[PDB]
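Worksheet for the structure shown next.
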Amino acid sequence: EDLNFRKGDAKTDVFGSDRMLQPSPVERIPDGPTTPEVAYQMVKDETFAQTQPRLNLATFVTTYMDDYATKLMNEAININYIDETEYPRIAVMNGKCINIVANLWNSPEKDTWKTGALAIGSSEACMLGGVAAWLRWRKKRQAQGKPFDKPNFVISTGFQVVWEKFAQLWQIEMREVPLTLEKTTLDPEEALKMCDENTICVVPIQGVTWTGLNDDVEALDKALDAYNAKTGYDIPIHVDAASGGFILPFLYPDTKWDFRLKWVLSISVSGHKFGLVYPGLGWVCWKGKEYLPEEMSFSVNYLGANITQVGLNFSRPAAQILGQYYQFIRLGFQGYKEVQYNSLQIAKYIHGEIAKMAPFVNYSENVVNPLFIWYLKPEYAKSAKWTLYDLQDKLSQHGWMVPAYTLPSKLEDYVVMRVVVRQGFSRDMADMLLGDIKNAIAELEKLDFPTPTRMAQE
Amino acid sequence: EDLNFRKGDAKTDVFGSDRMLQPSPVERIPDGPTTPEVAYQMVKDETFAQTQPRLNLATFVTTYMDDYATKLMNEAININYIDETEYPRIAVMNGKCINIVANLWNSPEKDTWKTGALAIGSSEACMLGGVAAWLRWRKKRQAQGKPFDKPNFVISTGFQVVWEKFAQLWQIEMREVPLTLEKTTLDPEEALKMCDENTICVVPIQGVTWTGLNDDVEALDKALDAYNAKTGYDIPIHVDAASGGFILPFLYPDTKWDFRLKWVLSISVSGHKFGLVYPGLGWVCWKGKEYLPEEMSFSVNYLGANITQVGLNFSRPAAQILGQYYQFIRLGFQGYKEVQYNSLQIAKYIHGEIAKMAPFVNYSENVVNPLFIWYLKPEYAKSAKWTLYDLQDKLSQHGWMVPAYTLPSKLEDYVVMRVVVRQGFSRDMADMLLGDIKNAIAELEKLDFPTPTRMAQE
Amino acid sequence: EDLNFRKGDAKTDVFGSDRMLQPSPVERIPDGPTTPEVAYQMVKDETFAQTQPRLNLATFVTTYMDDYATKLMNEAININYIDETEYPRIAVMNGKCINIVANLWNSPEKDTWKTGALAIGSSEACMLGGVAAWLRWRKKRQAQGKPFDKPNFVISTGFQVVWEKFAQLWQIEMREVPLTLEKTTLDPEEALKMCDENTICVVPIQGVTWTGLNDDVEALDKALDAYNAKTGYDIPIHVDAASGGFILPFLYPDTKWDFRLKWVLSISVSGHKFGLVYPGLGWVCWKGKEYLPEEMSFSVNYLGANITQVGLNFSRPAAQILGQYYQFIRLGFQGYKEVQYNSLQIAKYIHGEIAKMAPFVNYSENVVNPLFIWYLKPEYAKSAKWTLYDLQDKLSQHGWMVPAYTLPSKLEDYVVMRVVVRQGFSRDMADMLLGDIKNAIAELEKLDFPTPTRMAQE
Amino acid sequence: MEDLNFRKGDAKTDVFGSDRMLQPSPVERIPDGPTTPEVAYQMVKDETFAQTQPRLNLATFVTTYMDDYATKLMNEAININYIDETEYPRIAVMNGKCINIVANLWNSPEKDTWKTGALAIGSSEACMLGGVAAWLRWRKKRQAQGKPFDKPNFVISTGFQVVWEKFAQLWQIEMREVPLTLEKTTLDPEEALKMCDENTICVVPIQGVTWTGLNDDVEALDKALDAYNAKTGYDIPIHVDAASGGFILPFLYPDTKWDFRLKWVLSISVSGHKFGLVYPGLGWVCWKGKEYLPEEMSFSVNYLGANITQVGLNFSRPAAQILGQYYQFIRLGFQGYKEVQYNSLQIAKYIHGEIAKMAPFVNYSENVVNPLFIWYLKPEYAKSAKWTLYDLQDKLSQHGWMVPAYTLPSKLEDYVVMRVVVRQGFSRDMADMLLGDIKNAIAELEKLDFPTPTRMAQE
Ligand SMILES: *Cc1c(COP(=O)(O)O)cnc(C)c1O
Ligand SMILES: *Cc1c(COP(=O)(O)O)cnc(C)c1O
Ligand SMILES: *Cc1c(COP(=O)(O)O)cnc(C)c1O
Ligand SMILES: *Cc1c(COP(=O)(O)O)cnc(C)c1O
């Protein structure tokens with residue numbers, strides 16, 4: 001007999017121990033240690049009772065990479081990117097990713113080492129673009145003898161929350177252009193009506209999270225050129241291309257949205273969305289070195305490479321740089337094109353099957369990013385006992401997360417549902433989702449009384 | 001450009017391929033092959049959208065073993081148990097497991113190699129016990145000149161479905177003794193009312209699936225001894241101990257339920273329930289060689305071990321034998337006792353926490369197996385808008401399976417919910433479950449209208 | 001110095017401990033636990049001193065799958081198939097496998113979800129087929145006013161033992177048709193002579209274990225059609241296709257043996273033999289819903305799939321279902337055909353090389369399954385000092401298991417040896433086997449006195 | 001027989017008998033076409049060989065070792081995006097529990113069970129959140145007072161880590177720097193108070209100054225600040241940059257009053273990936289109470305009954321580091337952290353003592369409070385030596401070490417120093433290897449007949 005079996009010795013079974021009769025620590029660090037197997041289970045087991053990543057259809061962020069990328073990134077788990085003197089090959093590799101992304105967006109910059117920065121996501125990449133737009137505007141207004149204490153920026157009401165963070169954390173006024181059924185993306189005319197001498201940039205979005213659509217950057221650029229010629233305000237574009245920045249170059253090469261446009265001075269993207277890398281990657285590029293203020297930035301030479309030093313974070317994992325560069329080499333342009341082709345084709349397939357179901361109507365007939373939204377047919381909704389929130393709950397019973405929500409300004413009465421198709425979500429998985437949607441519809445149509453969310457609508 | 005990238009060559013990305021734009025085969029084998037990576041994802045990805053095993057609280061069957069048992073079993077995946085001449089060490093190992101189980105049940109058999117058999121689960125083990133009881137009875141009645149064409153057996157209405165399978169597949173009449181609030185387990189007096197000259201055995205259950213309770217085997221044995229003495233019918237007991245066979249020896253050693261009893265001639269158990277082995281293990285033991293008919297069985301000597309050859313299956317995985325022997329050596333009696341103690345303590349803990357909640361009342365104050373059932377307070381239920389089926393659905397939205405069902409005959413008006421606590425379900429996971437139950441109750445109590453199942457009860 | 005080193009603490013070396021100076025438990029569970037490393041070695045080390053599976057040439061059961069199938073099945077070790085409500089995707093996958101198998105056997109059933117059942121092997125699949133035949137016959141005779149208490153079935157003496165198990169466990173009389181050199185497979189005329197008003201089915205075998213041959217199912221169907229027309233007895237066929245069920249559709253598609261035949265009402269197969277899945281898989285299909293008695297079976301709808309619930313086992317591993325579906329997708333029809341082609345070609349190669357050896361003659365000139373048997377030339381055997389049993393022992397000295405045995409009734413004086421070629425047994429391994437056979441012959445021919453088995457024959 | 005496409009990348013291709021491995025890696029543009037996974041794996045992996053191995057990187061404060069279970073747990077969460085809190089609410093709650101544990105390690109008096117704090121990628125984001133909150137609290141006060149709020153400043157030692165310069169640049173807030181001297185080797189409160197005025201949003205003492213390894217005296221700053229605020233009414237607060245010391249002081253110096261026990265310490269930040277013992281990607285910031293986190297910055301959402309404050313500069317990010325932190329808290333507990341930090345500090349103290357015995361070297365401080373320290377050349381030795389600490393850095397790099405040499409901040413900029421950081425996973429045995437290499441390097445450099453470039457640059 002083993003005296004200390006329950007206390008945690010070499011013979012203890014994890015689930016025959018005193019520790020696994022005790023709660024996990026909520027407030028205070030435990031006084032003493034446990035065995036690695038026990039602590040492993042205590043943390044691991046708490047992650048079971050939630051959505052499985054591959055069935056999270058709310059997220060845009062990568063939930064699958066192949067086994068070689070995964071092994072490569074796991075092996076770099078202890079590499080701190082910012083130690084560039086210690087890890088100069090990764091610093092160079094980061095710069096090469098920046099070059100490749102800038103050239104994917106048709107940068108006219110002549111320098112071999114393109115002007116850009118690594119980010120943890122589009123959040124940091126967006127904030128860097130906006131701070132740069134803010135600093136360029138401050139300098140221009142100062143040289144003109146004009147005030148520079150009340151900056152603002154203009155964006156669709158379909159903005160993603162990081163722009164609200166930017167507005168709050170830097171105390172910059174956000175001006176929002178509302179969505180309507182007639183103007184389902186940012187209308188250039190209405191955005192310009194909200195511009196003045198204090199506007200630091202307009203932010204069109206490629207891959208609006210609420211709708212899956214693309215603001216027309218080319219139409220914005222054309223309108224802005226006329227407006228800037230008339231006012232002299234010299235207002236630029238920063239493209240929030242979080243999703244579309246890794247869709248448009250491969251599937252829509254002739255759509256002019258990027259550094260080909262006169263007024264697009266910076267672009268940001270989520271490398272961990274359709275850049276196909278696990279969580280923790282974003283990129284921001286500037287059209288040239290003259291658009292990244294010296295106040296924000298400096299550059300260091302590593303093994304002949306000019307790597308710009310700009311960022312909100314400092315120490316950070318380096319694994320995502322290896323993952324991105326691996327994808328660029330493993331897939332190339334052709335491979336990126338076929339993977340995004342698959343994701344868009346599957347999104348289009350689900351869109352078409354949803355349109356055939358009696359309760360549903362799609363927000364758009366045009367699927368340009370691998371995601372889309374739909375709502376209840378207005379005539380169907382009036383007499384239905386259920387809402388899209390009830391459908392979300394039914395789908396959750398089978399492990400899916402398919403989110404229902406209200407649309408932004410002036411469409412807020414529309415409850416919609418969104419499906420995002422990422423690499424690793426196949427046609428076969430689409431059929432499973434659609435089968436569960438049909439069954440969920442059949443069960444909810446048997447209801448004799450309205451649900452809580454249905455009553456709230458009336 | 002790689003011409004065959006989409007068709008499946010060395011450069012193909014699984015989710016940039018034509019195969020992952022196609023549905024999985026429903027009716028016919030595909031005409032041609034795919035890459036192993038593609039096929040692996042196609043099969044694997046279908047298993048995502050269902051209950052995760054460690055959150056499956058309906059099942060009694062093991063969903064966790066430690067890393068060494070798991071590795072041992074994985075390494076034996078290609079070992080066919082039934083090739084005993086080729087794998088005689090595993091045949092002997094099977095015999096040693098049988099000895100250990102039979103002695104765990106206090107067999108008085110003097111032979112070193114105890115009379116018992118390997119099974120895939122309690123289904124086969126129960127059927128073998130029942131077939132043996134049927135053949136012993138047939139032989140007795142024929143020798144007595146009595147008819148033997150209408151056998152029956154007696155069991156609680158809380159029987160598990162394999163006994164209905166046995167009745168159907170062998171055409172033996174099942175006689176069911178009803179459950180009542182007054183007699184919540186098999187009452188011996190009522191069981192004897194259903195015994196006659198054609199009864200081949202009575203089947204008390206240790207670990208009734210519907211209720212979590214134990215039939216009183218000792219009381220049945222006493223009643224049966226008096227009955228057999230007056231009638232000469234010689235009716236035996238077969239104990240269905242699917243769960244309790246690996247609980248009672250460790251936590252209730254002095255409960256006289258096994259071969260210590262005169263009329264207990266066979267006992268069956270699920271090695272994959274509380275025997276702590278992954279799916280695919282059951283055991284059946286007989287009290288002595290004389291209770292296993294020669295018509296059913298023979299034995300072969302492997303390396304000096306006498307291994308009885310009886311079974312419904314033939315070729316089968318051998319991994320579960322290695323797993324069982326590992327558990328016996330790894331844990332021993334003390335280790336089994338500590339693991340089952342934990343599971344029972346967590347079940348009692350949840351049992352006590354459930355009783356404190358306003359909507360609930362427990363079916364029993366006595367928790368003798370690591371599971372229990374509760375129902376709605378009758379006064380609460382009459383005015384509640386929801387039923388336990390609604391609570392089951394709410395819990396499923398967080399990944400749990402906690403089943404609601406109506407109890408067997410004469411308690412069929414009771415809708416109950418059951419929680420089973422297995423090795424690998426910790427106190428921390430119990431708190432997560434109870435927190436989700438509390439949140440679910442709060443949500444259901446906001447309903448203004450009754451649910452479909454609530455209306456169905458009126 | 002570490003006081004508890006020998007007792008099993010964190011510093012203990014497995015083979016410097018007291019436990020590894022002690023024998024493994026034969027009769028009783030050890031009182032206390034050990035470390036997982038110690039227990040892992042104690043169980044693992046016992047499996048060393050026996051036949052290695054890839055050198056087991058006696059077994060028909062899969063001993064190799066590729067790395068992806070193996071990982072997929074290992075990852076499902078804790079999934080209990082029978083929890084279909086909890087794991088409905090695996091329940092649907094099971095049904096898809098059944099559809100594919102039935103269509104491989106040319107089922108005319110129009111229902112999308114074909115009538116069949118999952119099994120642990122051909123044992124359960126055969127018994128389910130046999131019980132269904134018994135129940136259909138019982139119902140017919142009852143409707144006719146005829147007795148139904150003495151059923152029989154007809155089979156070759158080349159039956160595999162599960163049919164004797166079936167006869168014993170259900171008390172159904174087995175009538176055996178003898179083998180002769182003139183009639184080396186089931187002779188239909190002799191089979192029909194054993195049919196009467198009490199015959200529930202005739203069982204032809206595809207892949208007779210003793211001989212490697214195929215009973216002629218079509219010839220049986222023809223004779224049975226005329227017999228049923230003249231008697232009205234309506235006697236069916238159940239095909240035991242344990243091996244051939246996954247050989248004939250790919251290599252002999254035009255051989256009429258399956259549901260193309262009028263009287264073939266059910267077929268069984270071992271998915272773990274030439275279905276190419278590790279141990280634990282069988283399938284049985286019925287020609288239509290009307291041939292599966294309602295007394296035996298019911299069906300449940302899972303996500304729109306009609307899954308029949310019939311079986312002898314209940315809880316069981318689900319891994320083998322994933323493995324079967326993986327093989328269907330990974331290989332397709334072409335892939336199955338190429339693997340079985342390789343296995344048959346290697347068997348034919350070994351067959352041709354055996355025929356060139358002076359002591360040996362093949363039982364059949366035609367190799368139709370990836371296995372065959374041979375015996376000693378009668379003139380050579382008479383003056384030889386050794387038998388095939390001695391050759392089996394010599395081969396065992398190099399790790400092979402190549403079994404020698406006497407053939408069934410009327411051929412019982414023929415001692416034969418069998419080789420089975422499974423996936424993972426290459427031409428290179430065949431050359432190693434043949435080299436060991438030649439060397440073994442050379443050694444045995446040096447004997448000056450006869451061996452015990454040679455003396456036993458005289 | 002021959003395989004026609006062997007060099008082009010087919011099923012038989014050997015990575016290093018292929019055309020692709022005769023070609024350079026892409027510098028400018030994405031390749032037109034794909035390669036096999038093995039080829040791409042080697043092309044990226046092989047570029048990482050020719051640089052410092054993490055466990056020999058003695059410049060970094062950031063974790064380079066966790067045990068196998070923490071590593072496995074974090075690897076298994078590589079595809080979990082923390083910010084999807086509705087989808088992953090158990091990790092959201094787990095994040096909140098980590099924040100609670102950290103806040104209580106720092107003796108927070110907050111009575112709410114769900115402490116006011118935020119997850120970060122490192123001390124950079126946590127420090128900026130602390131500063132933005134200080135900036136916003138100061139703005140709100142001056143606004144209510146009718147006073148101007150358009151020229152904020154903050155006060156910090158010249159030993160600041162670069163993220164505070166980023167904060168100054170990216171938010172256009174004036175950084176006021178207090179110089180270091182041999183007489184005042186850490187932040188002196190009196191000199192700091194001379195740089196405070198009505199526009200100062202906070203003072204930032206540092207626990208674990210990167211340049212020196214020392215701790216600013218927060219308690220002495222708190223006392224001086226209390227007197228100043230009582231006189232002026234400016235209400236200037238403390239934010240402690242405790243990137244390293246935040247996970248040393250509670251375990252090894254529990255009685256040092258540096259945290260929320262102090263009146264004016266309203267927020268504290270730390271790097272979980274330094275001495276919190278988690279791989280790269282973790283920082284934490286806590287506030288002394290909910291009232292010190294402006295609602296303008298923040299909101300909170302209830303997940304499974306837990307109140308999780310939503311504040312941050314990042315959005316989507318790996319969740320693995322949260323599981324790693326919670327694993328370490330449970331696996332080690334208070335005792336386990338104390339023993340690991342004890343080991344790291346003891347080995348730093350050991351190297352410190354052995355460095356002192358060597359003829360060329362003198363230590364900057366006799367007191368080692370964090371598992372790191374700096375030394376420089378003895379002044380009399382330096383004048384006649386032909387080499388500098390940069391030469392010793394280069395020599396050690398030849399054996400794979402990174403041991404950094406650099407000039408100290410303002411008023412000590414003439415001091416070339418070298419720093420050694422001891423992290424979990426750097427043992428006594430490895431310290432013996434480093435010291436043996438240091439001795440051998442000294443012997444070789446003393447053989448020089450002429451000065452090196454960096455020695456001449458000093459003249
Ligand atoms: C994803 C998203 C963001 C935020 O980017 P993260 O990568 O989550 O930090 C910003 N804008 C848009 C349009 C987005 O889709
Ligand atoms: C589990 C169960 C059975 C069926 O056993 P399996 O292991 O699923 O084959 C029979 N009886 C009882 C009491 C059970 O709990
Ligand atoms: C294998 C075999 C059986 C028994 O099947 P298992 O898969 O071992 O259960 C029955 N019939 C034949 C012809 C066989 O080869
Ligand atoms: C590390 C460090 C920083 C920067 O923190 P990161 O975790 O690298 O972002 C800021 N202040 C101090 C004192 C530091 O040591």
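Note: hydrogens, waters and symmetry copies are ignored here, and every other heavy atom, side chains too, is used. Ligands are counted one by one from 1 in listed order, and the atoms in each one are counted from 1 as well. Letters go in sequence order (proteins before strands), and every chain restarts at 1.
Taking every heavy atom of both residues into account, C:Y278 and C:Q320 meet most closely at O-CG, 3.8 Å. Of all the heavy atoms in C:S270 and C:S122, the pair that sits closest is OG-OG, 2.7 Å.
For ligand 1, the atoms closer than 4.0 angstrom to any heavy atom of A:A242 are 2 (C), 11 (N), 12 (C), 13 (C), 14 (C), 15 (O). Less than 4.0 angstrom separates some heavy atom of A:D240 from each of these atoms of ligand 1: 10 (C), 11 (N), 12 (C), 13 (C). Atoms of ligand 2 found under 4.0 Å from any heavy atom of C:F314 (numbered from 1 in listed order, with element): 8 (O), 9 (O). Using a 4.0 Å cut-off to heavy atoms of A:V162, the atoms of ligand 1 that qualify are 4 (C), 10 (C). Using a 4.0 Å cut-off to heavy atoms of A:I205, the atoms of ligand 1 that qualify are 13 (C). Short contacts between ligand 1 and A:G121, defined as distances under 4.0 Å to a heavy atom of the residue, involve ligand atoms 7 (O), 9 (O). Of all the atoms in ligand 1, the ones that sit under 4.0 Å from a non-hydrogen atom of A:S123 are 5 (O), 6 (P), 9 (O). Near B:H272, meaning under 4.0 Å from any of its heavy atoms, are these atoms of ligand 2: 6 (P), 7 (O). Against a heavy-atom cut-off of under 4.0 Å, B:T209 is close to the following atoms of ligand 2: 14 (C), 15 (O).
Side-chain contact annotation: C:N214 with C:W257, donor-acceptor N/O pair under 3.5 Å absent. For the residue pair D:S316 / D:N81, a side-chain donor-acceptor distance below 3.5 Å is found, with atom types taken as modelled. C:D83 and B:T59 share a side-chain donor-acceptor pair at under 3.5 Å.
Side-chain atoms of C:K273 do not come within 3.5 Å of backbone N or O of C:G121 as any donor-acceptor pair. Judged by distance alone, with hydrogens and angles left aside, the side-chain atoms of A:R422 form no donor-acceptor pair with the main-chain N or O of A:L57 at under 3.5 Å. No donor-acceptor pair closer than 3.5 Å links the side chain of C:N369 to the backbone N or O of C:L371.
What sits closest to atom 8 (O) of ligand 2 on the protein, heavy atoms only, is C:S315 OG, 2.6 Å.
Taking only nitrogen or oxygen atoms, main chain and side chain alike, C:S243 does not reach within less than 3.5 Å of ligand 3. Considering backbone and side-chain atoms together, B:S122 places an N or O closer than 3.5 Å to an N or O of ligand 2.
Taking only non-hydrogen atoms, the option from B:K165, B:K273, B:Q160, B:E124 nearest to atom 1 (C) of ligand 2 is B:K273.
Classified by interplanar angle (parallel below 30°, tilted 30° to 60°, perpendicular above 60°), the ring pair B:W163/B:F153 is tilted.
In A:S270, the part holding a heavy atom less than 4.0 Å from any atom of ligand 1 is the side chain.
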